[PDB]
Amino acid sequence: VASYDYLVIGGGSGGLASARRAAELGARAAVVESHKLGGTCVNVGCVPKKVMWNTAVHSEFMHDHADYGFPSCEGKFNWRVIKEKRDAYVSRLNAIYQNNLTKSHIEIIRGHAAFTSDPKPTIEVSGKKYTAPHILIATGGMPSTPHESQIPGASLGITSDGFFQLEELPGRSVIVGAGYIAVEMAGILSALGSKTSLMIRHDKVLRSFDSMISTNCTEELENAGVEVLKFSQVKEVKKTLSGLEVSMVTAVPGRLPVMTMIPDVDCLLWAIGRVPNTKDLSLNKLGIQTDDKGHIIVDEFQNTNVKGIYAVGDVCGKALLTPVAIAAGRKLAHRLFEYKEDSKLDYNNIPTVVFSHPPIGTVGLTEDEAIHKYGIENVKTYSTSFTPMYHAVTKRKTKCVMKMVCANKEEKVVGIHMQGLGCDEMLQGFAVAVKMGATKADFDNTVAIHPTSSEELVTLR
């Protein structure tokens, strides 16, 4: 039984960040990883995603070429070119991560970990046992797929994982889901030339975003050539002579349900949710609490119900983002190895960027949420809508929408919501301001940067 100061199960965003910081603090740590370092973000997430988005972005900017004085650019996108390059880039990161572990003196135990029956918390990986007085579960999640029992042929469609394995651009594609992944994927497939549909169960996407964003986002999708099938759901999938045929039920409220076949589908992509990867851990041998989705339950300090067993990131099922796993794994190393008992992540005011076209940035409360927290009489919002100066000379147009939610008399800024060109890079510092508790006077007393999009947030009236 080899013993360590800290054993980390999962070599992804959270596990790596935690192990690394712990090691700086003097801990003798090991990372168990059964697949590739970097975990979801690097391999099939954030990274290969952003590369594909920058690719889609080139496709749209190239539509503006002629408007800008140049001669029309003519053609066909070549998927394999960028795919090979994207893959290589991911290979490059994997080796950097591996080296990071090494320089830190972190041991890497390769293989699939599971808890044992043993009294003191202990895992087994490939017949060997390992133990530590602090064990971190950071095994993340996976794409959820439907059961053939509820939707026959569900297994003919792919997930975001499968999207990263594609070798050619699908001629016809149908995406099911209304979350950010769904949105992002529909936007990349479309810009790249796939004839794309987004199948959503209601009337808008991103329904948990401020309603200014779900509305604006649904429109921009449509304007960009994406067909959003509202109130629709898949009833069955079948392999036809040439692709797939998707049977769907459309149930607009106040209308009779209607069934439609969607034929000649090259790509059916499920973007319906994520499930926690806890199934094969043998948790129950220690009685670790999970919820009914298989999520590990933790407290504000990332503790599980069992002493010296913690969990961070996706597995815990809250705020499914890479920087949140990182921040939580980092605060936890300080708490365990630097004895900072108050060290924990504040889950409020986490900012998100959705890589749509135009991208989306959001931090803090939606208008509704502020209304529920402070009361209608104590919530005031400010907003603006304009056409970015980039489009002053184009025929193609996009819009920029910004919304600021304030609370109480002081007009404390509790929420910033926007969509528009540049909004991916504009977010970070307002998110700092929002964390510090700024009010609207603070924003207003900041001299504007002209001409930009970002100056609109500081000149709202």
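For every residue, the number given is its place in the sequence shown, counted from 1.
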item	value
Comparing 232-240 with 177-185, the one whose average Cα B-factor in the PDB entry is higher	232-240
Between 57-65 and 398-406 (mean CA B-factor, as deposited), the higher	57-65
Highest-ranked of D210, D280, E220, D87 once sorted by CA temperature factor in the record	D280
C-alpha B-factor winner, where the candidates are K285, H334, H357, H202	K285
Cα B factor band for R92 (lowest, middle or highest third within the chain)	lowest
Chain-relative CA temperature factor third for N78	middle
CA B-factor placement of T446, once the chain's modelled residues are sorted into thirds	middle
Third of chain Cα B-factors occupied by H134	middle
Chain-wide C-alpha B factor ranking for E425, given as lowest, middle or highest third	lowest
